[PDB]
Protein chains: 2
Amino acid sequence: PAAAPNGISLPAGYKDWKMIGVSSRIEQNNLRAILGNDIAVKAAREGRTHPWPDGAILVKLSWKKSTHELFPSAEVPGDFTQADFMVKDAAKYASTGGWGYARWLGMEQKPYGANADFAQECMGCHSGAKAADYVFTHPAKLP
Amino acid sequence: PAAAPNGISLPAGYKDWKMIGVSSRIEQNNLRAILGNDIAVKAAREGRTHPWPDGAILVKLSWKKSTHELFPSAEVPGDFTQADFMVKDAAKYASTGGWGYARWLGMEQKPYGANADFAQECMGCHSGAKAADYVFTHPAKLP
Ligand code: HEC
Ligand code: HEC
């Protein structure tokens with residue numbers, strides 16, 4: 001697809017990345033998966049998040065919630081809504097907290113944002129997670 | 001970890017597997033990730049699920065729901081509760097629909113089940129999905 005307005009290209013092969021976590025956002029009626037590239041997954045598992053290392057890429061995949069036709073108390077993914085990315089590069093992206101933000105919308109993978117300054121929107125909320133290097137997600141615990 | 005009572009060993013390396021989907025089970029207050037080995041992932045993506053191919057392994061990972069401390073409308077994983085597996089081998093597990101069922105509990109990874117017949121409990125619900133080869137999960141759609 002086209003690059004984001006800030007020049008970030010869609011990372012190839014994100015659908016094959018390893019899982020960091022999952023979430024449900026009540027207020028938007030979605031389910032999400034949080035994946036990362038191998039730098040991000042190694043950092044997440046080792047607790048090297050203060051700060052995250054350069055080269056880490058986080059992706060959040062979002063779907064509308066639907067209910068399973070055979071088991072109504074199971075909320076399961078419906079339509080795909082968006083892919084959100086954060087790319088760590090402390091020098092390149094110093095103006096947005098050391099992260100390159102990007103979003104692509106829908107199955108059509110339309111880049112989000114009116115202009116190259118769109119990431120200030122993202123920062124508006126993510127600045128609340130400054131103490132955790134602008135990342136809300138806590139990696140899910142596994143054995 | 002100890003093998004399940006039906007002889008199934010815990011698949012090594014499952015935390016490095018690719019994502020098939022995610023879910024939320026309302027009645028359990030759990031968030032879940034569904035991963036699969038590469039045989040399962042290929043089959044899921046290609047629609048070769050009638051029946052699933054031998055060697056496919058699905059894993060469901062479950063965590064208690066907890067709300068994010070910075071964003072209370074975000075439901076996120078808390079304590080890890082269990083890993084559920086289904087191993088396809090049509091001939092070997094013909095008596096349980098062609099799938100080997102197994103569950104390990106908690107971080108401590110205690111095998112579930114009183115005896116080797118424990119998988120009948122799993123079949124009790126999964127038989128409702130018999131027309132879909134005993135699998136409820138619909139692979140999440142991605143571009
Ligand atoms: C999740 C996110 C992720 C994963 C990394 C993380 O911080 O956990 C990415 C790559 C990303 N966002 Fe943001 N986002 C918010 C919250 C609370 C969470 C965690 C809970 C969940 O799984 O949903 C996020 C909050 C917000 C927010 C507040 C209303 C805004 C405006 C944004 N996020 C905006 C953005 C982006 C702007 C286009 C962007 C690329 C994001 N988030 C990336
Ligand atoms: C999910 C499951 C998975 C993933 C494959 C699938 O069928 O989607 C595995 C490997 C597994 N179960 Fe089962 N299970 C149930 C439902 C509705 C879902 C889909 C929704 C979700 O993501 O949670 C499942 C339902 C039930 C159920 C009804 C009360 C029982 C008793 C069980 N499941 C039991 C078992 C197992 C017995 C130990 C076992 C190994 C399972 N499930 C594996």
# chains A, B, ... in the order shown; residues from 1 in each chain; ligands from 1
call {"tool": "residues_near_ligand", "arguments": {"ligand": "ligand 2", "cutoff": "9 Å", "atoms": "only C-alpha atoms and all ligand atoms", "output": "tab-separated table (two decimals) with N, CA, C and O atoms, in the first residue's frame"}}
result
chain	number	residue	atom	x	y	z
A	68	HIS	N	-19.90	-15.29	18.42
A	68	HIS	CA	-19.82	-16.55	17.73
A	68	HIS	C	-21.21	-17.14	17.56
A	68	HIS	O	-21.98	-17.20	18.53
A	70	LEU	N	-22.13	-20.18	17.27
A	70	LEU	CA	-22.37	-21.43	17.98
A	70	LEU	C	-22.22	-21.27	19.49
A	70	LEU	O	-22.52	-22.19	20.25
A	71	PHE	N	-21.66	-20.16	19.95
A	71	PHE	CA	-21.37	-19.99	21.36
A	71	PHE	C	-21.48	-18.50	21.67
A	71	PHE	O	-20.54	-17.74	21.46
A	72	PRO	N	-22.67	-18.00	22.04
A	72	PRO	CA	-22.91	-16.57	22.10
A	72	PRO	C	-22.11	-15.77	23.13
A	72	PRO	O	-22.07	-14.55	23.01
A	73	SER	N	-21.50	-16.41	24.12
A	73	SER	CA	-20.70	-15.68	25.08
A	73	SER	C	-19.26	-15.54	24.60
A	73	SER	O	-18.45	-14.97	25.32
A	74	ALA	N	-18.96	-16.05	23.41
A	74	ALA	CA	-17.63	-15.85	22.83
A	74	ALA	C	-17.67	-14.64	21.87
A	74	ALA	O	-18.36	-14.70	20.86
A	75	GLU	N	-16.93	-13.60	22.23
A	75	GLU	CA	-16.78	-12.46	21.34
A	75	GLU	C	-15.52	-12.71	20.52
A	75	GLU	O	-14.47	-13.03	21.06
A	76	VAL	N	-15.70	-12.57	19.21
A	76	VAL	CA	-14.71	-12.99	18.25
A	76	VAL	C	-14.57	-11.91	17.18
A	76	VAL	O	-15.45	-11.06	17.05
B	21	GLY	N	-6.21	-16.12	15.65
B	21	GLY	CA	-7.24	-15.20	16.09
B	21	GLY	C	-7.12	-14.82	17.55
B	21	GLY	O	-6.15	-15.15	18.22
B	22	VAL	N	-8.14	-14.14	18.02
B	22	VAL	CA	-8.27	-13.72	19.39
B	22	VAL	C	-9.74	-13.86	19.79
B	22	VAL	O	-10.61	-13.94	18.93
B	23	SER	N	-10.00	-13.91	21.09
B	23	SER	CA	-11.37	-13.97	21.54
B	23	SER	C	-11.48	-13.41	22.96
B	23	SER	O	-10.51	-13.26	23.67
B	24	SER	N	-12.72	-13.17	23.36
B	24	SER	CA	-13.04	-12.84	24.73
B	24	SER	C	-14.21	-13.72	25.14
B	24	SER	O	-15.21	-13.76	24.45
B	25	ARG	N	-14.06	-14.43	26.25
B	25	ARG	CA	-15.14	-15.30	26.73
B	25	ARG	C	-15.81	-14.60	27.90
B	25	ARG	O	-15.25	-14.55	29.00
B	28	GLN	N	-16.40	-16.35	31.30
B	28	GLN	CA	-15.20	-16.73	32.03
B	28	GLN	C	-14.40	-15.51	32.46
B	28	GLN	O	-13.43	-15.62	33.20
B	30	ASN	N	-12.27	-13.99	30.59
B	30	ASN	CA	-10.95	-14.27	30.04
B	30	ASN	C	-10.78	-13.64	28.64
B	30	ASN	O	-11.74	-13.61	27.86
B	31	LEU	N	-9.54	-13.21	28.32
B	31	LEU	CA	-9.08	-12.90	27.00
B	31	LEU	C	-8.26	-14.06	26.48
B	31	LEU	O	-7.56	-14.68	27.28
B	32	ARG	N	-8.37	-14.34	25.19
B	32	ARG	CA	-7.70	-15.48	24.62
B	32	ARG	C	-7.00	-15.11	23.32
B	32	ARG	O	-7.47	-14.29	22.53
B	33	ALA	N	-5.87	-15.74	23.09
B	33	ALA	CA	-5.18	-15.76	21.83
B	33	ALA	C	-5.22	-17.17	21.27
B	33	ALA	O	-4.99	-18.13	22.02
B	34	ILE	N	-5.42	-17.32	19.97
B	34	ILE	CA	-5.38	-18.57	19.28
B	34	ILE	C	-4.24	-18.54	18.30
B	34	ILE	O	-4.21	-17.69	17.39
B	35	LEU	N	-3.25	-19.42	18.52
B	35	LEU	CA	-2.07	-19.54	17.69
B	35	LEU	C	-2.14	-20.92	17.03
B	35	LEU	O	-2.89	-21.82	17.47
B	57	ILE	N	-1.65	-28.14	14.73
B	57	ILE	CA	-1.81	-27.92	16.14
B	57	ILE	C	-2.35	-26.52	16.36
B	57	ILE	O	-1.75	-25.54	15.87
B	58	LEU	N	-3.45	-26.42	17.07
B	58	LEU	CA	-4.01	-25.18	17.53
B	58	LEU	C	-3.73	-25.05	19.02
B	58	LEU	O	-3.83	-26.03	19.78
B	59	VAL	N	-3.44	-23.83	19.47
B	59	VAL	CA	-3.31	-23.52	20.87
B	59	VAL	C	-4.17	-22.31	21.20
B	59	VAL	O	-4.16	-21.31	20.48
B	60	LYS	N	-4.89	-22.42	22.30
B	60	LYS	CA	-5.55	-21.29	22.89
B	60	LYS	C	-4.89	-20.97	24.19
B	60	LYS	O	-4.69	-21.82	25.06
B	61	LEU	N	-4.57	-19.69	24.32
B	61	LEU	CA	-4.00	-19.18	25.52
B	61	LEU	C	-4.99	-18.28	26.20
B	61	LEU	O	-5.57	-17.43	25.52
B	62	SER	N	-5.16	-18.40	27.50
B	62	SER	CA	-6.17	-17.67	28.23
B	62	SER	C	-5.58	-16.94	29.41
B	62	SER	O	-4.73	-17.50	30.14
B	83	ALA	N	-3.39	-23.12	28.88
B	83	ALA	CA	-3.10	-23.39	27.50
B	83	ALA	C	-3.86	-24.63	27.08
B	83	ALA	O	-3.67	-25.69	27.67
B	84	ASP	N	-4.70	-24.48	26.07
B	84	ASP	CA	-5.49	-25.55	25.50
B	84	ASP	C	-4.95	-25.91	24.13
B	84	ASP	O	-4.70	-25.00	23.31
B	85	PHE	N	-4.79	-27.18	23.85
B	85	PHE	CA	-4.26	-27.65	22.59
B	85	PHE	C	-5.21	-28.60	21.93
B	85	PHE	O	-5.86	-29.43	22.61
B	86	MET	N	-5.23	-28.58	20.62
B	86	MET	CA	-5.82	-29.59	19.77
B	86	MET	C	-4.81	-30.00	18.71
B	86	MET	O	-4.31	-29.13	17.97
B	87	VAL	N	-4.50	-31.30	18.62
B	87	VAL	CA	-3.50	-31.86	17.74
B	87	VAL	C	-4.23	-32.73	16.74
B	87	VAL	O	-4.86	-33.72	17.13
B	100	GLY	N	-6.41	-34.78	19.15
B	100	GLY	CA	-5.87	-35.00	20.47
B	100	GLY	C	-6.02	-33.72	21.26
B	100	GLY	O	-5.45	-32.68	20.91
B	101	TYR	N	-6.78	-33.77	22.33
B	101	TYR	CA	-7.04	-32.65	23.20
B	101	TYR	C	-6.08	-32.70	24.37
B	101	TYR	O	-5.82	-33.76	24.93
B	102	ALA	N	-5.63	-31.54	24.85
B	102	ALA	CA	-4.81	-31.47	26.03
B	102	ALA	C	-4.85	-30.07	26.61
B	102	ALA	O	-4.90	-29.08	25.87
B	103	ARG	N	-4.74	-29.94	27.92
B	103	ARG	CA	-4.74	-28.67	28.62
B	103	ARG	C	-3.69	-28.68	29.70
B	103	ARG	O	-3.57	-29.65	30.45
B	104	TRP	N	-2.95	-27.58	29.79
B	104	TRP	CA	-2.03	-27.34	30.88
B	104	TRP	C	-2.42	-26.07	31.61
B	104	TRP	O	-2.71	-25.04	30.98
B	112	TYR	N	-4.05	-30.98	33.01
B	112	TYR	CA	-5.44	-31.16	33.36
B	112	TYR	C	-5.89	-32.60	33.15
B	112	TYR	O	-5.51	-33.22	32.16
B	113	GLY	N	-6.79	-33.05	34.02
B	113	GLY	CA	-7.58	-34.23	33.72
B	113	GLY	C	-7.36	-35.31	34.76
B	113	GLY	O	-6.23	-35.56	35.20
B	118	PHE	N	-10.30	-37.81	29.99
B	118	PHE	CA	-10.69	-36.43	30.26
B	118	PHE	C	-11.14	-35.71	29.00
B	118	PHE	O	-11.95	-34.77	29.11
B	119	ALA	N	-10.66	-36.11	27.82
B	119	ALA	CA	-10.99	-35.40	26.61
B	119	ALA	C	-12.46	-35.49	26.24
B	119	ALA	O	-12.95	-34.71	25.42
B	120	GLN	N	-13.21	-36.43	26.83
B	120	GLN	CA	-14.65	-36.44	26.62
B	120	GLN	C	-15.33	-35.15	27.09
B	120	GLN	O	-16.38	-34.77	26.57
B	121	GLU	N	-14.78	-34.51	28.13
B	121	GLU	CA	-15.33	-33.23	28.56
B	121	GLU	C	-15.18	-32.22	27.41
B	121	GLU	O	-16.12	-31.50	27.10
B	122	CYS	N	-13.98	-32.14	26.81
B	122	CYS	CA	-13.74	-31.25	25.70
B	122	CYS	C	-14.67	-31.50	24.53
B	122	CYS	O	-15.31	-30.57	24.02
B	123	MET	N	-14.91	-32.78	24.21
B	123	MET	CA	-15.82	-33.18	23.14
B	123	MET	C	-17.25	-32.76	23.44
B	123	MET	O	-18.03	-32.52	22.52
B	124	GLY	N	-17.62	-32.74	24.73
B	124	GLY	CA	-18.97	-32.33	25.10
B	124	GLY	C	-19.38	-31.01	24.50
B	124	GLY	O	-20.52	-30.84	24.11
B	125	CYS	N	-18.48	-30.05	24.50
B	125	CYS	CA	-18.79	-28.77	23.85
B	125	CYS	C	-18.35	-28.77	22.41
B	125	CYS	O	-19.08	-28.25	21.57
B	126	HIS	N	-17.15	-29.29	22.13
B	126	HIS	CA	-16.65	-29.18	20.77
B	126	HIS	C	-17.45	-29.97	19.75
B	126	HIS	O	-17.38	-29.67	18.58
B	128	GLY	N	-20.46	-29.55	19.32
B	128	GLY	CA	-21.36	-28.57	18.73
B	128	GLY	C	-20.78	-27.94	17.47
B	128	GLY	O	-21.54	-27.40	16.67
B	129	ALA	N	-19.45	-28.04	17.32
B	129	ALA	CA	-18.75	-27.60	16.13
B	129	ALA	C	-18.37	-28.72	15.18
B	129	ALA	O	-17.52	-28.52	14.32
B	132	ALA	N	-17.72	-28.17	11.52
B	132	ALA	CA	-16.52	-27.44	11.25
B	132	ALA	C	-15.31	-28.17	11.81
B	132	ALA	O	-14.36	-27.56	12.24
B	133	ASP	N	-15.34	-29.51	11.78
B	133	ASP	CA	-14.24	-30.34	12.24
B	133	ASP	C	-13.88	-30.07	13.69
B	133	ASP	O	-12.70	-30.17	14.04
B	134	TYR	N	-14.89	-29.78	14.52
B	134	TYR	CA	-14.75	-29.64	15.97
B	134	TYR	C	-13.98	-28.39	16.38
B	134	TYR	O	-13.59	-28.28	17.53
B	135	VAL	N	-13.77	-27.45	15.45
B	135	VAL	CA	-13.08	-26.21	15.73
B	135	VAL	C	-14.07	-25.05	15.64
B	135	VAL	O	-14.71	-24.87	14.61
B	136	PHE	N	-14.18	-24.28	16.71
B	136	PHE	CA	-15.04	-23.10	16.73
B	136	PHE	C	-14.40	-21.93	16.00
B	136	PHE	O	-15.11	-21.19	15.32
B	137	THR	N	-13.11	-21.72	16.26
B	137	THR	CA	-12.45	-20.48	15.82
B	137	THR	C	-12.54	-20.36	14.31
B	137	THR	O	-12.17	-21.23	13.55
B	138	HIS	N	-12.94	-19.14	13.89
B	138	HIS	CA	-12.88	-18.71	12.51
B	138	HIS	C	-11.61	-17.86	12.41
B	138	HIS	O	-11.49	-16.87	13.11
call {"tool": "calpha_fit_and_write", "arguments": {"fixed": "chain A", "moving": "chain B", "output": "mmCIF file with C-alpha atoms, in the first residue's frame"}}
result
data_model
loop_
_atom_site.group_PDB
_atom_site.id
_atom_site.type_symbol
_atom_site.label_atom_id
_atom_site.label_comp_id
_atom_site.auth_asym_id
_atom_site.auth_seq_id
_atom_site.Cartn_x
_atom_site.Cartn_y
_atom_site.Cartn_z
ATOM 1 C CA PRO B 1 0.156 0.050 -0.045
ATOM 2 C CA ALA B 2 0.915 3.753 0.034
ATOM 3 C CA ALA B 3 3.295 5.049 2.701
ATOM 4 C CA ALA B 4 1.999 6.930 5.679
ATOM 5 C CA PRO B 5 2.090 10.742 5.420
ATOM 6 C CA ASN B 6 5.253 10.848 7.588
ATOM 7 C CA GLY B 7 7.069 8.577 5.145
ATOM 8 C CA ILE B 8 6.775 5.264 7.044
ATOM 9 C CA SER B 9 6.243 2.279 4.725
ATOM 10 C CA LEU B 10 3.981 -0.568 5.771
ATOM 11 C CA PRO B 11 6.185 -3.232 7.404
ATOM 12 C CA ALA B 12 6.146 -6.294 5.174
ATOM 13 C CA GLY B 13 5.353 -9.591 6.737
ATOM 14 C CA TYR B 14 3.760 -8.332 9.964
ATOM 15 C CA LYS B 15 1.097 -11.042 9.902
ATOM 16 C CA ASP B 16 3.910 -13.578 10.517
ATOM 17 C CA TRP B 17 5.138 -11.870 13.677
ATOM 18 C CA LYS B 18 4.992 -13.232 17.206
ATOM 19 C CA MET B 19 2.390 -12.275 19.786
ATOM 20 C CA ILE B 20 3.001 -9.791 22.572
ATOM 21 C CA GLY B 21 -0.564 -9.534 23.826
ATOM 22 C CA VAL B 22 -4.252 -9.078 23.213
ATOM 23 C CA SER B 23 -6.819 -6.529 24.316
ATOM 24 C CA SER B 24 -10.434 -5.494 24.153
ATOM 25 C CA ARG B 25 -11.336 -1.805 23.896
ATOM 26 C CA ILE B 26 -14.779 -1.449 25.508
ATOM 27 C CA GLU B 27 -15.475 1.977 24.128
ATOM 28 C CA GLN B 28 -14.622 1.026 20.530
ATOM 29 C CA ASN B 29 -16.274 -2.391 20.569
ATOM 30 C CA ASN B 30 -12.997 -3.825 19.127
ATOM 31 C CA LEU B 31 -10.785 -6.865 19.813
ATOM 32 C CA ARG B 32 -7.084 -6.354 19.299
ATOM 33 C CA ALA B 33 -3.943 -8.386 18.849
ATOM 34 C CA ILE B 34 -0.523 -6.896 19.572
ATOM 35 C CA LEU B 35 2.349 -8.432 17.627
ATOM 36 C CA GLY B 36 5.958 -7.356 17.320
ATOM 37 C CA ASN B 37 8.976 -7.979 15.196
ATOM 38 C CA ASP B 38 11.688 -10.129 16.680
ATOM 39 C CA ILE B 39 13.530 -7.115 18.114
ATOM 40 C CA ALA B 40 10.355 -6.056 19.908
ATOM 41 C CA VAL B 41 9.512 -9.572 21.092
ATOM 42 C CA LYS B 42 12.992 -10.146 22.539
ATOM 43 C CA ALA B 43 12.846 -6.764 24.267
ATOM 44 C CA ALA B 44 9.355 -7.410 25.657
ATOM 45 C CA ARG B 45 10.314 -10.811 27.001
ATOM 46 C CA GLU B 46 13.575 -9.566 28.563
ATOM 47 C CA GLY B 47 12.051 -6.373 30.003
ATOM 48 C CA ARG B 48 14.247 -4.074 27.865
ATOM 49 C CA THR B 49 11.527 -1.464 27.478
ATOM 50 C CA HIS B 50 13.159 1.570 29.196
ATOM 51 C CA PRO B 51 13.606 2.537 26.454
ATOM 52 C CA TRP B 52 12.603 0.008 23.837
ATOM 53 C CA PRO B 53 15.516 -0.754 21.529
ATOM 54 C CA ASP B 54 15.859 0.864 18.149
ATOM 55 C CA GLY B 55 14.365 -1.269 15.393
ATOM 56 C CA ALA B 56 11.536 -2.558 17.566
ATOM 57 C CA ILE B 57 8.217 -2.545 15.747
ATOM 58 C CA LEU B 58 4.901 -3.049 17.495
ATOM 59 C CA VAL B 59 1.680 -3.653 15.582
ATOM 60 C CA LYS B 60 -1.851 -3.540 16.853
ATOM 61 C CA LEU B 61 -4.486 -5.185 14.816
ATOM 62 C CA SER B 62 -8.126 -4.325 15.428
ATOM 63 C CA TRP B 63 -11.362 -6.005 14.500
ATOM 64 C CA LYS B 64 -14.964 -5.208 15.258
ATOM 65 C CA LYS B 65 -16.400 -7.468 17.900
ATOM 66 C CA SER B 66 -19.002 -9.996 16.816
ATOM 67 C CA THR B 67 -20.576 -12.894 18.700
ATOM 68 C CA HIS B 68 -19.967 -16.445 17.680
ATOM 69 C CA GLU B 69 -22.950 -18.040 15.907
ATOM 70 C CA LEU B 70 -22.594 -21.323 17.880
ATOM 71 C CA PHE B 71 -21.564 -19.917 21.268
ATOM 72 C CA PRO B 72 -23.030 -16.470 21.982
ATOM 73 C CA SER B 73 -20.859 -15.711 25.035
ATOM 74 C CA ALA B 74 -17.788 -15.823 22.777
ATOM 75 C CA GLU B 75 -16.879 -12.419 21.355
ATOM 76 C CA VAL B 76 -14.818 -12.933 18.257
ATOM 77 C CA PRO B 77 -13.332 -10.869 15.410
ATOM 78 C CA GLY B 78 -15.561 -9.518 12.720
ATOM 79 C CA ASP B 79 -14.532 -6.942 10.164
ATOM 80 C CA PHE B 80 -10.893 -5.818 10.204
ATOM 81 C CA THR B 81 -10.654 -2.160 10.991
ATOM 82 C CA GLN B 82 -7.048 -1.000 11.217
ATOM 83 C CA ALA B 83 -3.389 -1.766 11.732
ATOM 84 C CA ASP B 84 -1.487 0.579 14.042
ATOM 85 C CA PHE B 85 2.303 0.619 14.086
ATOM 86 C CA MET B 86 4.995 2.080 16.281
ATOM 87 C CA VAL B 87 8.577 1.952 14.949
ATOM 88 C CA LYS B 88 11.362 2.729 17.388
ATOM 89 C CA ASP B 89 14.174 4.957 16.213
ATOM 90 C CA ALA B 90 15.210 7.278 19.051
ATOM 91 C CA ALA B 91 17.191 9.624 16.851
ATOM 92 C CA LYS B 92 15.016 9.664 13.731
ATOM 93 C CA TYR B 93 11.676 10.141 15.534
ATOM 94 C CA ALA B 94 13.002 12.168 18.482
ATOM 95 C CA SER B 95 10.234 14.734 17.884
ATOM 96 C CA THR B 96 7.534 12.099 18.568
ATOM 97 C CA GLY B 97 9.123 10.438 21.627
ATOM 98 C CA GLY B 98 11.490 8.234 19.645
ATOM 99 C CA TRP B 99 8.660 6.383 17.870
ATOM 100 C CA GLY B 100 7.403 6.542 14.277
ATOM 101 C CA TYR B 101 3.628 6.209 14.358
ATOM 102 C CA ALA B 102 1.582 4.990 11.413
ATOM 103 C CA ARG B 103 -1.905 3.592 10.765
ATOM 104 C CA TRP B 104 -3.438 1.810 7.814
ATOM 105 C CA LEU B 105 -7.211 1.436 7.547
ATOM 106 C CA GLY B 106 -9.203 -1.566 6.492
ATOM 107 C CA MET B 107 -8.604 -4.405 4.074
ATOM 108 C CA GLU B 108 -7.964 -1.757 1.420
ATOM 109 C CA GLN B 109 -5.164 -0.433 3.666
ATOM 110 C CA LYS B 110 -5.679 3.294 3.260
ATOM 111 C CA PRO B 111 -2.994 5.319 5.108
ATOM 112 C CA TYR B 112 -4.406 7.416 7.881
ATOM 113 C CA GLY B 113 -3.722 11.082 8.393
ATOM 114 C CA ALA B 114 -4.372 14.467 6.806
ATOM 115 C CA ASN B 115 -0.701 15.422 6.651
ATOM 116 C CA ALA B 116 2.736 14.600 8.013
ATOM 117 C CA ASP B 117 1.804 15.985 11.505
ATOM 118 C CA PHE B 118 -0.937 13.375 12.050
ATOM 119 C CA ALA B 119 1.189 11.571 14.652
ATOM 120 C CA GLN B 120 0.501 14.366 17.138
ATOM 121 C CA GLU B 121 -2.974 12.846 17.554
ATOM 122 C CA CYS B 122 -1.328 9.531 18.538
ATOM 123 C CA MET B 123 0.972 11.348 20.987
ATOM 124 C CA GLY B 124 -2.056 13.014 22.568
ATOM 125 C CA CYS B 125 -2.995 9.748 24.221
ATOM 126 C CA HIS B 126 0.313 7.933 24.177
ATOM 127 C CA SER B 127 1.945 10.720 26.196
ATOM 128 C CA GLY B 128 -0.069 9.351 29.128
ATOM 129 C CA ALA B 129 2.273 6.356 28.883
ATOM 130 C CA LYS B 130 5.456 8.481 28.724
ATOM 131 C CA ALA B 131 6.935 6.790 31.824
ATOM 132 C CA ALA B 132 6.680 3.479 29.952
ATOM 133 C CA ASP B 133 8.284 4.818 26.767
ATOM 134 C CA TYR B 134 4.882 5.740 25.275
ATOM 135 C CA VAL B 135 3.753 2.078 25.166
ATOM 136 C CA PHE B 136 0.613 1.041 27.060
ATOM 137 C CA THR B 137 0.755 -2.694 26.370
ATOM 138 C CA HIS B 138 2.175 -4.890 29.101
ATOM 139 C CA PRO B 139 3.449 -8.126 27.502
ATOM 140 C CA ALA B 140 1.134 -11.032 28.341
ATOM 141 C CA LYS B 141 2.635 -13.485 30.813
ATOM 142 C CA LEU B 142 3.314 -17.035 29.588
ATOM 143 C CA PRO B 143 5.238 -19.891 31.148
#
call {"tool": "select_by_dssp", "arguments": {"residues": "chain A", "states": "alpha helix (DSSP H)", "output": "list in words"}}
result
residues 38, 39, 40, 41, 42, 43, 44, 45, 46, 119, 120, 121, 122, 123, 124, 125 and 126 of chain A
